[PDB]
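What follows is one structure encoded as structure tokens, with my remarks underneath.
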Amino acid sequence: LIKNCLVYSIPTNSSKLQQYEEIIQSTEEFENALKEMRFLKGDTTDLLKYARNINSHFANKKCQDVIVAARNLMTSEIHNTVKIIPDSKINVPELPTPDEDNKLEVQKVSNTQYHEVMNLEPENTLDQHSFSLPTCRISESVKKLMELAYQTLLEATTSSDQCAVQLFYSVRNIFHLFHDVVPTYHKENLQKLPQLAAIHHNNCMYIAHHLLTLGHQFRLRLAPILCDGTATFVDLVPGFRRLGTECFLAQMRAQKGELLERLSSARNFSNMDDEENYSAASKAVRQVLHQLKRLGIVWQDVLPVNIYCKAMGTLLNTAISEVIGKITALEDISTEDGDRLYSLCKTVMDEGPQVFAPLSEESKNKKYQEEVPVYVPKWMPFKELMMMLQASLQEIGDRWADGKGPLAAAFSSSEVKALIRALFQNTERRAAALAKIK
Amino acid sequence: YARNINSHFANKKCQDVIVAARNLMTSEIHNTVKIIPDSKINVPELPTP
Amino acid sequence: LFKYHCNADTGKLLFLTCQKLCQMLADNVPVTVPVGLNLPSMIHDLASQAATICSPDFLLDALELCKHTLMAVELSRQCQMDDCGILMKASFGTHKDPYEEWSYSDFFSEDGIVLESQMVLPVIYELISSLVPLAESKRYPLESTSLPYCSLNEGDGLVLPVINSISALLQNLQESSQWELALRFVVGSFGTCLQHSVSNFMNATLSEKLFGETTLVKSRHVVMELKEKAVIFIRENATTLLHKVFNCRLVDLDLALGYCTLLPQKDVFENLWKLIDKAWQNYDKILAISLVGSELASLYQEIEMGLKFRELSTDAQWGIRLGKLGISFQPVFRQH
């Protein structure tokens, strides 16, 4: 009887609650007759205790049909992406405006006629880039969840206070469930697919951005139990960021753990005169650039422009600072070595800036492809080490500029001395050059 | 080159519709849409005689 | 079982295991933890796995457990912990992190007094045991143990010990300057406490014939008293958090704007001007305050204050521009 008759008799609207009273009465006589007919022993059974719980049996329904509808669209293995325009953001269906009784103090303001104001346009400027949402690709599930939450919040405003409070805390529960379901269910696909990590990061930064202004948009329309400041969503903002960051860097360390491995065949960049040591060195360098090319293609038009460029610069910094350390730790560099080391460095500069592709159109790529040193911090030392590889001793002395030139700011004096000793043989000219360098 | 304006016309009209295709064909971003058997995309109103 | 036997029974088993783990930790039983596994992290992961694939009837209890296991994990992360390896938080601020400081430094962070773990975990796990009682009996549809059917007589109620447990941890978090955590633990606990009384007792026509009138009056009084406490506490939390946000070098404007919405309507700007009166020691702080004030005035649809905030922002920008050189903008700043 409970699982087939009393479950479906529970109303879905608070207006129909009173009509349930007869069901409470009609059950009791059904309880009494079986007591007079000796079909029961006691007085209180589970058939009557379930009927008296109609209060909770109401809430535990209204607070689950909005939760199950969320988790239904959260465990789907089908992935979709939608682009977010900074100007156009989803708005609530028309906000509940207050009554006209508060318009007595409003019509006295909308009666002034001014013409000296429209004739003057202040030139004051603002840095509005710090309060918008940059272009990104968010999963359609997150957008549908946000629209469901907006609909639930709108519906809570046109009902009794019990339903409003239950729906508001069910909306809070929706994000609480989101914070724990997606990372656990997609555990396999957040390690092997670089695109999904960026998609998850974008979803978190979208939800965190919306949660900041979600509370204020319904501050004066809910019940007075929630109109003073307790109803808010700021507390969850710090957590979601940490959810969107740690997941992304887990992809970074996985990628770095490849590049260095692809450099394991570099053989410490020694004995370049050997043909095998040249071939095995070219093998590592081709694959290092190829990995970054494919990764940038995968991340193209997914991450925002700033973070994509910063992550690419960060990966390239680790790619270049290992080769720089290998070169600066060498001992013998002959004339043949000074040519092949420059040849290996040539490919990196030829196809380095060519990896950056923050947008889809080819014309927009070259604008960002020329600001590589702004993002990559160790670009200048590698440029200097390039042109030192075939520079003469007197040219090195000139470019040192007595500790004031680009080479002085690039490396350290002892490093330059060691590199010169590895480059030039034991001559009095080398001693004079070392005396020039302090 | 000026006397070839015939072909230079066609080789334009026959490429702006091709490049626009290959542009949307090499994208690495994947999306899926469900197809309902009853509702199929129709041409904008057909040219009647 | 979670890898090979994904179904409702596995979810129920995982929920029971996670329930028993919290009870065992609450009873101060020393259990040998293998080296390399975080205990609160493993509790939270088990709760999440139970919540993902559980039946719709167990979904609410699993979600309630997940809401609090994450809070326990966050409390543990602020404490120096062992038996998993090295989990000392001060090891993070001692040196600069290459990978992290372009996706972390853009957001506000708070570093206060290090929390001692002996006073945190036993209280919070006993709270978890109290909030989610051990349930093994048959569950009829539309029933739970976190939004239950219970009477509130003179002194009868499960919320009463929970209030004292929250109060014990709240004062501890106050003196440790853990305001960022305190706001979340206040809001999350207040929501559950409000629901525990709301879920039954505002359908007056139906409630009187099932529980009487005096119980309704008692619930009405208790809700008002708890709300009056919470309103006063939230304002004091938010003011201090707002004070601490702006003192940083790279001020997080996005989070400061969110923190500004907690205060009442008319007293935000009144505070902000006071904040600009403790200002003019650094123009960058003035610009950061002016941007937030302009954004909040626009959000409040207050056109009049927006012009003043924009003029102040322009004055701060000109002051910074002149401070780059040797020109001083002091004598005329914030005048006509």
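Please note that chains go A, B, ... in the order of the structure tokens, that every chain numbers its residues from 1, and that ligands are numbered from 1 in the order shown.
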
Could you produce a table of the residues of chain B lying within 12 Å of chain A, with the nearest pair of atoms per residue and their separation in Å rounded to one decimal, using only C-alpha atoms, ordered by chain and increasing residue number, as CSV?
```
residue,atom,partner,partner_atom,distance
B:23,CA,A:361,CA,9.7
B:24,CA,A:360,CA,10.6
B:26,CA,A:297,CA,10.8
B:27,CA,A:360,CA,9.0
B:28,CA,A:298,CA,6.7
B:29,CA,A:298,CA,8.1
B:30,CA,A:80,CA,7.4
B:31,CA,A:80,CA,5.4
B:32,CA,A:80,CA,6.8
B:33,CA,A:80,CA,9.1
B:34,CA,A:78,CA,11.4
```

Neighbour list for residue 410 in chain A as a PyMOL selection string, cut-off 10 Å, only C-alpha atoms, skip fewer than 2 positions in-chain: chain A and resi 378-385+400+405-408+412-413+416

Writing out the chosen residues with N, CA, C and O atoms as a JSON list (two decimals), in the first residue's frame:
```json
[["chain", "number", "residue", "atom", "x", "y", "z"],
["A", 378, "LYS", "N", 62.83, 33.01, -20.71],
["A", 378, "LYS", "CA", 64.19, 32.61, -21.04],
["A", 378, "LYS", "C", 64.45, 32.63, -22.54],
["A", 378, "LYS", "O", 65.31, 31.89, -23.03],
["A", 379, "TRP", "N", 63.72, 33.46, -23.28],
["A", 379, "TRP", "CA", 63.91, 33.56, -24.72],
["A", 379, "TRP", "C", 65.18, 34.33, -25.06],
["A", 379, "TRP", "O", 65.93, 33.94, -25.97],
["A", 380, "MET", "N", 65.45, 35.42, -24.35],
["A", 380, "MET", "CA", 66.62, 36.26, -24.54],
["A", 380, "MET", "C", 67.93, 35.50, -24.30],
["A", 380, "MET", "O", 68.87, 35.65, -25.09],
["A", 381, "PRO", "N", 68.06, 34.74, -23.20],
["A", 381, "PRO", "CA", 69.30, 33.95, -23.04],
["A", 381, "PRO", "C", 69.54, 32.97, -24.17],
["A", 381, "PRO", "O", 70.69, 32.79, -24.59],
["A", 382, "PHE", "N", 68.49, 32.32, -24.69],
["A", 382, "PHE", "CA", 68.67, 31.41, -25.81],
["A", 382, "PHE", "C", 69.02, 32.15, -27.10],
["A", 382, "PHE", "O", 69.79, 31.62, -27.91],
["A", 383, "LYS", "N", 68.47, 33.34, -27.31],
["A", 383, "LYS", "CA", 68.88, 34.15, -28.45],
["A", 383, "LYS", "C", 70.35, 34.55, -28.35],
["A", 383, "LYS", "O", 71.07, 34.54, -29.35],
["A", 384, "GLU", "N", 70.80, 34.92, -27.15],
["A", 384, "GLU", "CA", 72.19, 35.30, -26.96],
["A", 384, "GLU", "C", 73.14, 34.12, -27.15],
["A", 384, "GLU", "O", 74.17, 34.25, -27.83],
["A", 385, "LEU", "N", 72.80, 32.97, -26.56],
["A", 385, "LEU", "CA", 73.62, 31.78, -26.72],
["A", 385, "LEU", "C", 73.69, 31.35, -28.18],
["A", 385, "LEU", "O", 74.73, 30.87, -28.64],
["A", 400, "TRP", "N", 80.12, 41.77, -24.53],
["A", 400, "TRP", "CA", 80.07, 41.82, -23.07],
["A", 400, "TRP", "C", 79.87, 43.24, -22.58],
["A", 400, "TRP", "O", 79.18, 43.46, -21.57],
["A", 405, "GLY", "N", 76.19, 44.98, -21.47],
["A", 405, "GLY", "CA", 75.51, 44.64, -22.70],
["A", 405, "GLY", "C", 74.47, 43.55, -22.52],
["A", 405, "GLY", "O", 74.21, 43.08, -21.41],
["A", 406, "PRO", "N", 73.84, 43.13, -23.62],
["A", 406, "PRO", "CA", 72.83, 42.07, -23.52],
["A", 406, "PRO", "C", 73.40, 40.75, -23.03],
["A", 406, "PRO", "O", 72.71, 40.02, -22.29],
["A", 407, "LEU", "N", 74.63, 40.42, -23.40],
["A", 407, "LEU", "CA", 75.23, 39.17, -22.95],
["A", 407, "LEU", "C", 75.51, 39.18, -21.46],
["A", 407, "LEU", "O", 75.38, 38.15, -20.79],
["A", 408, "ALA", "N", 75.89, 40.34, -20.91],
["A", 408, "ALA", "CA", 76.09, 40.46, -19.47],
["A", 408, "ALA", "C", 74.79, 40.25, -18.70],
["A", 408, "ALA", "O", 74.78, 39.59, -17.66],
["A", 412, "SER", "N", 75.83, 34.78, -16.48],
["A", 412, "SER", "CA", 76.75, 35.19, -15.43],
["A", 412, "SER", "C", 78.19, 35.13, -15.93],
["A", 412, "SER", "O", 78.51, 34.41, -16.88],
["A", 413, "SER", "N", 79.07, 35.88, -15.26],
["A", 413, "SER", "CA", 80.45, 36.00, -15.71],
["A", 413, "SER", "C", 81.17, 34.65, -15.70],
["A", 413, "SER", "O", 81.89, 34.32, -16.64],
["A", 416, "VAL", "N", 80.01, 32.60, -18.62],
["A", 416, "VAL", "CA", 80.64, 33.03, -19.86],
["A", 416, "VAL", "C", 82.08, 32.53, -19.92],
["A", 416, "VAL", "O", 82.56, 32.10, -20.98]]
```

Check: which chain C residues lie within 6 Å of chain A using only C-alpha atoms, as a PyMOL selection string: chain C and resi 48+52+142+184+199-200+258+262+314

Go ahead and save the picked residues with C-alpha atoms, as an mmCIF file, in the first residue's frame.
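Wrote it out as part-v2.cif, contents follow:
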```
data_model
loop_
_atom_site.group_PDB
_atom_site.id
_atom_site.type_symbol
_atom_site.label_atom_id
_atom_site.label_comp_id
_atom_site.auth_asym_id
_atom_site.auth_seq_id
_atom_site.Cartn_x
_atom_site.Cartn_y
_atom_site.Cartn_z
ATOM 1 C CA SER C 48 31.772 11.004 -3.896
ATOM 2 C CA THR C 52 27.737 9.225 -8.132
ATOM 3 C CA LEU C 142 10.642 9.628 0.120
ATOM 4 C CA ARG C 184 31.495 28.781 4.664
ATOM 5 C CA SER C 199 10.837 21.118 6.325
ATOM 6 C CA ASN C 200 7.827 20.479 8.597
ATOM 7 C CA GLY C 258 31.282 39.039 -4.263
ATOM 8 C CA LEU C 262 26.818 40.194 1.899
ATOM 9 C CA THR C 314 40.366 58.750 -13.032
#
```

With DSSP run on the backbone, what are the helix (DSSP H, G or I) residues within range 174-366 of chain A? I'd like them as a short mmCIF file (atom, residue, chain, number, x, y, z; two decimals) with C-alpha atoms, in the first residue's frame.
```
data_model
loop_
_atom_site.label_atom_id
_atom_site.label_comp_id
_atom_site.auth_asym_id
_atom_site.auth_seq_id
_atom_site.Cartn_x
_atom_site.Cartn_y
_atom_site.Cartn_z
CA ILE A 174 22.95 21.31 -7.19
CA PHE A 175 26.33 23.06 -7.12
CA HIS A 176 27.41 20.97 -4.12
CA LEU A 177 26.68 17.86 -6.21
CA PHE A 178 28.49 19.36 -9.21
CA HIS A 179 31.62 19.97 -7.13
CA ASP A 180 31.90 16.21 -6.44
CA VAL A 181 30.25 14.27 -9.30
CA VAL A 182 32.12 15.53 -12.38
CA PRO A 183 35.69 15.03 -11.02
CA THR A 184 34.88 11.50 -9.82
CA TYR A 185 32.95 10.28 -12.88
CA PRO A 194 44.25 17.61 -22.81
CA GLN A 195 41.12 19.28 -24.22
CA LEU A 196 38.86 18.04 -21.41
CA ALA A 197 41.11 19.57 -18.74
CA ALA A 198 40.75 22.99 -20.40
CA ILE A 199 37.00 22.44 -20.78
CA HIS A 200 36.71 21.63 -17.06
CA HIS A 201 38.81 24.69 -16.16
CA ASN A 202 36.53 26.90 -18.27
CA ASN A 203 33.41 25.38 -16.69
CA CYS A 204 34.74 26.14 -13.20
CA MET A 205 35.67 29.73 -14.07
CA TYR A 206 32.23 30.19 -15.64
CA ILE A 207 30.37 28.86 -12.60
CA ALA A 208 32.54 30.86 -10.19
CA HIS A 209 31.96 34.05 -12.20
CA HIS A 210 28.19 33.51 -12.18
CA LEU A 211 28.04 32.60 -8.47
CA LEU A 212 29.36 36.06 -7.52
CA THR A 213 26.27 37.87 -8.85
CA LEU A 214 23.76 35.02 -8.47
CA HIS A 216 22.28 39.64 -5.47
CA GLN A 217 19.87 39.00 -8.37
CA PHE A 218 17.24 37.62 -5.95
CA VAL A 234 29.96 33.59 -2.28
CA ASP A 235 31.18 30.87 0.10
CA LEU A 236 31.43 28.36 -2.76
CA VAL A 237 33.42 30.74 -5.00
CA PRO A 238 36.87 30.00 -3.46
CA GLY A 239 36.35 26.23 -3.70
CA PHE A 240 35.39 26.05 -7.38
CA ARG A 241 38.52 27.98 -8.37
CA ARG A 242 40.64 25.39 -6.56
CA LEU A 243 38.65 22.73 -8.42
CA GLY A 244 39.35 24.40 -11.76
CA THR A 245 43.06 24.97 -11.15
CA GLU A 246 44.42 21.75 -9.63
CA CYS A 247 42.74 19.70 -12.36
CA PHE A 248 44.44 21.76 -15.08
CA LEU A 249 47.97 21.61 -13.65
CA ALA A 250 47.62 17.83 -13.34
CA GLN A 251 47.55 17.90 -17.15
CA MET A 252 50.60 20.19 -17.22
CA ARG A 253 52.84 17.92 -15.14
CA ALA A 254 51.71 14.99 -17.29
CA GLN A 255 52.80 16.90 -20.40
CA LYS A 256 56.15 18.00 -18.93
CA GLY A 257 56.79 14.37 -17.95
CA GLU A 258 56.75 13.73 -21.70
CA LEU A 259 58.98 16.53 -23.01
CA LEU A 260 61.95 15.73 -20.77
CA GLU A 261 61.55 12.06 -21.70
CA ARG A 262 61.63 13.03 -25.37
CA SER A 264 66.35 11.69 -22.95
CA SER A 265 67.85 10.88 -26.36
CA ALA A 266 69.75 14.19 -26.42
CA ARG A 267 72.75 12.32 -24.93
CA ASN A 268 73.74 15.47 -22.99
CA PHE A 269 74.44 17.10 -26.39
CA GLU A 275 76.83 11.25 -36.97
CA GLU A 276 74.76 9.12 -34.58
CA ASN A 277 74.95 11.80 -31.87
CA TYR A 278 73.66 14.32 -34.44
CA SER A 279 70.83 12.08 -35.66
CA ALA A 280 69.69 11.16 -32.13
CA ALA A 281 69.79 14.86 -31.20
CA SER A 282 67.65 15.84 -34.19
CA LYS A 283 65.20 13.05 -33.27
CA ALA A 284 64.54 14.63 -29.87
CA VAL A 285 64.22 18.19 -31.21
CA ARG A 286 61.76 17.31 -33.99
CA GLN A 287 59.49 15.43 -31.57
CA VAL A 288 59.63 18.15 -28.90
CA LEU A 289 58.29 20.71 -31.39
CA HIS A 290 55.80 18.19 -32.81
CA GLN A 291 54.29 17.50 -29.38
CA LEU A 292 53.74 21.21 -28.73
CA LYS A 293 52.29 21.75 -32.21
CA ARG A 294 49.62 19.08 -31.68
CA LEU A 295 48.94 20.27 -28.12
CA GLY A 296 48.43 23.84 -29.34
CA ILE A 297 46.12 22.61 -32.10
CA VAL A 298 44.13 20.67 -29.48
CA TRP A 299 43.92 23.69 -27.15
CA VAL A 305 43.90 34.08 -25.07
CA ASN A 306 45.86 35.08 -21.96
CA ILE A 307 45.94 31.65 -20.28
CA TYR A 308 46.64 29.76 -23.52
CA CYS A 309 49.65 31.99 -24.27
CA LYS A 310 50.88 31.77 -20.67
CA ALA A 311 50.63 27.96 -20.58
CA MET A 312 52.41 27.69 -23.93
CA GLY A 313 55.16 30.03 -22.75
CA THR A 314 55.49 27.98 -19.56
CA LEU A 315 55.87 24.72 -21.50
CA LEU A 316 58.35 26.26 -23.94
CA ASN A 317 60.38 27.67 -21.03
CA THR A 318 60.87 24.15 -19.66
CA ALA A 319 61.63 22.91 -23.18
CA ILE A 320 64.35 25.53 -23.73
CA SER A 321 65.90 25.74 -20.24
CA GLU A 322 66.86 22.06 -20.41
CA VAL A 323 68.73 22.48 -23.70
CA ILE A 324 70.37 25.61 -22.26
CA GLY A 325 71.50 23.70 -19.18
CA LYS A 326 72.82 20.85 -21.32
CA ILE A 327 74.83 23.26 -23.49
CA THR A 328 76.23 25.25 -20.56
CA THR A 335 84.51 23.94 -34.89
CA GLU A 336 82.22 21.13 -36.05
CA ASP A 337 80.31 21.23 -32.76
CA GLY A 338 79.83 25.00 -33.05
CA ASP A 339 78.05 24.50 -36.39
CA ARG A 340 75.76 21.61 -35.49
CA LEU A 341 74.77 23.11 -32.13
CA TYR A 342 73.74 26.26 -34.02
CA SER A 343 71.88 24.08 -36.54
CA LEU A 344 69.88 22.41 -33.76
CA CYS A 345 69.16 25.83 -32.23
CA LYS A 346 68.04 27.07 -35.66
CA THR A 347 64.98 24.80 -35.84
CA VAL A 348 63.75 25.95 -32.42
CA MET A 349 63.76 29.61 -33.47
CA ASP A 350 62.34 28.81 -36.91
CA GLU A 351 59.34 26.84 -35.59
CA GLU A 362 45.30 32.67 -39.47
CA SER A 363 45.49 36.48 -39.70
CA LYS A 364 44.96 36.85 -35.93
CA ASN A 365 47.70 34.33 -35.08
CA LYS A 366 50.69 36.38 -36.27
#
```

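Atom pair CA of residue 218 in chain C / CA of residue 126 in chain C has a distance of 26.9 Å (rounded to one decimal).
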
Members of range 45-266 of chain C assigned strand (DSSP E or B) by DSSP, as a list in words: residues 79, 81, 87 and 115 of chain C
